[PDB]
């Protein structure tokens, strides 16, 4: 709803004059050719509330590779997920026949290991012996499912966002001179995944700054300053926005030249 997701890494760097500075900026999000299989690993798992005060229990999970997995041998074919869950975004859990051992607070949990996104939804399941009392209600914090004993139950969990169901990237380097605030940061470089570099600085610094473009393929956009003068003191920032993930990734370096 705003600058929605950021991964910020801040560091302090103090190096001697004349030494070479290496500001590491590497991320799986910075690998341009994104593997539709391994750079898109999602997982959904349904957990059941534990005992009085500890240790929730995992019931079933499934990765975007497929083939859902049940942990208890009693629930091997009575707890079912949609095999197409990651195609249409329907992560609902189906119980063939609920018993009183299924009562409790369920959570439907989503994890995007590549985008670092977590989602969780709570549904409480109540077992009644009078089938006329079956109902669902209240969403004041969560919805409650009153299910007749022995009957099948479908606990709904939907998320049709594109990140869960299935583009040139640019990495920017900024610098803040001592005394300058954050919003007055001057651009230093634009690094394109295909190798292009756009220089902004004054040639008094531009001579000693360099990057290794051959390492862009593995998502490495690190900065290198060779002959460290005191004029290099400042706050260096490496920022990237990943459109598919909706994610800002930012690395901050407080550089100091002794």
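Residue numbers count along the first chain shown, from 1.
In the deposited entry, the stretch joining residue 166 to residue 167 is interrupted by 4 to 9 residues of the deposited sequence lacking coordinates. When 214 to 222 is weighed against 48 to 56, 48 to 56 comes out higher, by mean CA B-factor as recorded in the entry. The question of which stretch, 182 to 190 or 152 to 160, has the higher mean Cα B factor is settled in favour of 182 to 190. Of the residues listed, 69, 230, 29, 42, the entry assigns the biggest Cα temperature factor to 230. In the PDB entry, the Cα temperature factor peaks, among 112, 124, 74, 175, at 74.
Split the chain's modelled residues into thirds by C-alpha temperature factor. Residue 138 is in the highest one. When all modelled residues of the chain are sorted by CA temperature factor, residue 1 is found within the highest third.
For residue 130, the recorded CA temperature factor ranks within the highest third of the chain's modelled residues.
Sorting the modelled residues of the chain by their CA temperature factor places residue 88 in the highest third. The deposited CA B-factor of residue 11 belongs to the middle third of values across its chain.
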